[PDB]
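Ligands are counted one by one from 1 in listed order, and the atoms in each one are counted from 1 as well. To find a chain, count down the sequence lines: A is the first, B the second, and so on, and within it residues start at 1. These values consider heavy atoms only, across backbone and side chains, with no hydrogens, waters or symmetry-generated copies.
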Amino acid sequence: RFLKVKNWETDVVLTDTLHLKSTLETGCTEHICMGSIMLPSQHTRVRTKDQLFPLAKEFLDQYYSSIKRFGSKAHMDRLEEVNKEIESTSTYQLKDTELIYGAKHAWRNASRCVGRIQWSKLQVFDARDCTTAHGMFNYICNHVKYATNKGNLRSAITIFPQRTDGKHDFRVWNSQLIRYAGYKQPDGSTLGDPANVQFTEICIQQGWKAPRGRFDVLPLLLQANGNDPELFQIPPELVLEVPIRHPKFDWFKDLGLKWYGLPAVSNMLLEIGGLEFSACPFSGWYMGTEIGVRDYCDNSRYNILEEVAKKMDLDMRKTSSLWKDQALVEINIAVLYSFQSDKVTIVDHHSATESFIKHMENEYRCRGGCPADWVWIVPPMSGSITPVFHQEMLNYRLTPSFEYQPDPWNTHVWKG
Amino acid sequence: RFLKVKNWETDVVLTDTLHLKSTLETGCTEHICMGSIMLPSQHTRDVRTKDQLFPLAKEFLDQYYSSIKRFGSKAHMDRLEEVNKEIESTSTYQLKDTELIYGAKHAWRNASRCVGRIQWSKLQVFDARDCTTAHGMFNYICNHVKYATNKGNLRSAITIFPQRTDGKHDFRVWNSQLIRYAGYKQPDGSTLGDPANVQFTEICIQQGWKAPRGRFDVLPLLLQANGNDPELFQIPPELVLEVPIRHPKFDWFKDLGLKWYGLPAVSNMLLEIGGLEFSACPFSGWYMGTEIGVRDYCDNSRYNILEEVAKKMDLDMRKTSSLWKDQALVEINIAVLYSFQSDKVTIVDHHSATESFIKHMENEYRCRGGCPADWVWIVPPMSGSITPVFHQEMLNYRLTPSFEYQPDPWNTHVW
Ligand code: HEM
Ligand code: HEM
Ligand SMILES: CCO[C@@H]1C[C@H](CCc2cc(F)c(F)c(CCc3cc(C)cc(N)n3)c2)N(C)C1
Ligand SMILES: CCO[C@@H]1C[C@H](CCc2cc(F)c(F)c(CCc3cc(C)cc(N)n3)c2)N(C)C1
Ligand SMILES: C[C@H](O)[C@H](O)[C@H]1CNc2nc(N)[nH]c(=O)c2N1
Ligand SMILES: C[C@H](O)[C@H](O)[C@H]1CNc2nc(N)[nH]c(=O)c2N1
Ligand SMILES: [Zn+2]
């Protein structure tokens, strides 16, 4: 059975057969659509031999298909090897080549990611020999240096040892490797990034001496083998930052703003053939709107729309003057201008969505489909003047995948 | 099974029990979400046999009599058997006036893609079920337009023409909206006017109309009654309220020679109440600013004026990363709102309307147990994340009475 999606701006129709290879669940039913639920039960993540060999077998069939060796002796011996390894140890180990394929395909299968045109070029760093938090810090420093590359950003992922019994998890407690602190003042206001207030407090309680500035890079909080997490400060020479100025508005620099160059997600779970890699930091480069729209202008974030509009001397009395819309565009112009001027890799939302449509059509041609989550692929500003807005998209879950997991401070059993 | 939606700006959590009363289907399964498909088969609508018709009536009458706190009462059971008897004999049935009004209001209440539903109970229902000819349809539609326009003080309205019988005597308004601008192919291949209406504009000519071939020519009405060939009628221009578009800061904006009509009046949908199908049911309210400025003016496959506006703003149109499209987009939408407001024609900006919708959701969850809502359509086509609906989880499910899509009649008419 086949399915069709249509682009209502260009009338291009594509045919999806890939959804037939879908295993996980969306959360929807015939009678309700959960398409706009942030964390459906099925996108989040303690696993036994009963269900593990079929998950391994399915992954290995995919793997040997991709290398044009399905049904080979290499394929069958690998299955036997994994079979024997599971029933004898209740888990198994991925070969290097399998891990690389798996991580690339978890990105390829991330239906909420607009940047997937680049999926085949992920640099995979195997840190499965890591045993301590100090070792984790070292791998992460090397990741940040490699990915940053003096502003010429490169996609990378570092993969720490997989889950075993759930009591020896590796976890990076930060949501991103590089993020600014948030401090709730007694008067109710917030200094810094309001999204990071809870994590900042854990850091301070774990012993972090906080500078209490508006743009303090948080320390790494790293958990190895289920032990209590430990604090580490990233060397500042490794944290590339960009001061934000505007090409026409000279007062913009006086707003005191800056952002870091490297977006590096560190709290997701990487699932490959049933194995769970609970610490797998990955990084790429920013789409301008992620900073200029969400980070700066979300009411629940830095929320600088007011002061930018103030300095632009906009009619702020009534919403119908669209002062919020006007200032939002200016802020995003400045983010793109600052990054490009410092030769730090960045992509605007017009270029990124255009690339994603090309990627998506190619994936239909050569793969039979491309799972995609319209709610997340459409940019948070200027939606209908980008080509993804008019693009029908089929959302379904393929593995390998990145999954959400609970925040570790809510589940950790403290040693003391 | 009693589902919850969270707003990630406010942490407000609502509990949805209304979805359990859902009858129709979403297009999705547990293996694939079709939440971004424009028209899944379920959202479109051939005989309705005597069988499935009475359950559909009972369900509707049950919620109707519940809403007036007379569920399981004298009048309720009498109406049930009355409709039961009329279906048993005539193979259809006729709604009381009160049930028609309730049905129309609730089809709007249940339109999960409509951001404007906070106003749902104020709908003015015009019963046109006594209409028999296109000239009579024209009369009802002129009265609708005049009532809804109200010299700029727009009022919500729907006019309900006779329900489908055997599918051969169908009432249809062939226009997609009562008021739309013509669109013309050019010798050099471009397009004058509105490209979405190029085919319809040619049907009108290729069947009688003589086009003035301007850039904003109001289309004639093409009205089909009882299944006959449709007939052309011109809406009296004095009934068509238009707004010239100028900018509050840029004097040159006036020179662009833009205008738009004040009355959004959708005329090609199907209204379903208690199993009965109302194939001609034009309804109208008032615009949200971005419908004109973002989609009508700046869609590539529409008027597509971004280029010209940015040129007159002397923006660096060399690279996409100058965000010249975004900057021009905001100015256009400022102009639309400023023009409408200056001319005292009702309009709402996307900040006000999405805020109204959150309040509406609050109200529906409090007094009804939920509110079906389609995030893909509710979030405005610009400035999405600086509006509260962007951060609002919404559950999408299909309740009846409802508005549904139907085929374009010229693909179907026994000509
Ligand atoms: C290289 C440039 C990249 C760009 C421009 C990009 C852009 C984006 C954007 C805009 C989102 C939407 C989430 C949000 O706006 O908060 C997203 C989501 C996501 N990205 Fe990418 N991304 C890139 C690279 C990567 C890489 C290297 C990976 C993993 C190897 C990745 C995995 C994901 C995943 C899993 C999500 C979905 C998160 C979820 O399901 O909630 N991305 N990306
Ligand atoms: C009074 C002010 C109103 C406003 C501001 C408003 C706004 C909107 C908007 C912005 C949409 C999205 C569709 C698009 O972007 O083209 C929509 C959809 C819709 N509106 Fe409303 N509307 C209003 C009144 C009404 C009324 C009076 C009715 C019927 C009684 C109605 C029925 C619908 C339906 C059925 C849809 C969705 C069609 C579908 O399912 O695809 N609306 N509305
Ligand atoms: C617990 C609730 O979480 C909710 C969900 C949402 C999480 C947002 C999010 C989660 C991810 F996993 C992720 F990868 C990205 C993409 C960021 C990114 C990554 C890379 C590599 C490049 C690039 N350009 N951008 C964003 N957050 C607002 C609150
Ligand atoms: C044939 C292709 O179909 C695709 C689908 C899509 C459908 C467009 C559409 C269909 C509706 F039913 C509807 F109600 C509206 C809302 C417009 C409206 C109505 C009122 C009363 C007030 C107001 N402010 N706005 C829009 N259209 C772009 C092309
Ligand atoms: C393919 C996609 O569903 C299509 O572009 C939808 C997206 N959301 C929309 N939202 C509104 N309000 N109006 C539309 O026409 C659309 N079009
Ligand atoms: C409720 C809703 O699902 C939530 O706000 C989503 C909407 N779409 C999004 N899209 C992107 N790219 N990033 C987001 O965080 C969100 N948030
Ligand atoms: Zn769905």
Inspect the contact between A:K358 and A:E354 and indicate whether a charged nitrogen and a carboxylate oxygen are less than 4.0 angstrom apart.
yes
A student checking ligand 5 against B:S36 at a 4.0 Å heavy-atom cut-off should list atoms 1 (C), 2 (C), 3 (O)
Looking only at N/O atoms, are A:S283 and ligand 1 under 3.5 Å apart anywhere?
no
Using heavy-atom distances only, which candidate in A:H43, A:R112, A:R116, A:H105 approaches atom 12 (C) of ligand 1 most closely?
A:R112
Examine ligand 5 and decide if any of its atoms is less than 4.0 Å from a heavy atom belonging to A:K6.
no
List every atom of ligand 5 that sits less than 4.0 Å from any heavy atom of A:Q391, numbering the atoms from 1 in the order shown and giving each element.
1 (C)
List every atom of ligand 1 that sits less than 4.0 Å from any heavy atom of A:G284, numbering the atoms from 1 in the order shown and giving each element.
1 (C)
From A:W8, A:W374, B:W375, A:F389 - option closest to atom 9 (C) of ligand 5 by heavy atom
A:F389
Side chain or backbone, does B:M38 bring an N or O within less than 3.5 Å of an N or O on ligand 5?
no
If you measure from the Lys or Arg side-chain nitrogens to the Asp or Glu carboxylate oxygens, is any gap between A:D96 and A:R128 under 4.0 Å?
yes
Which option wins on minimum heavy-atom distance to atom 22 (N) of ligand 1: A:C113, A:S111, A:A106?
A:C113
Quick check, are the ring centers of B:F403 and B:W108 under 6.0 angstrom apart?
no
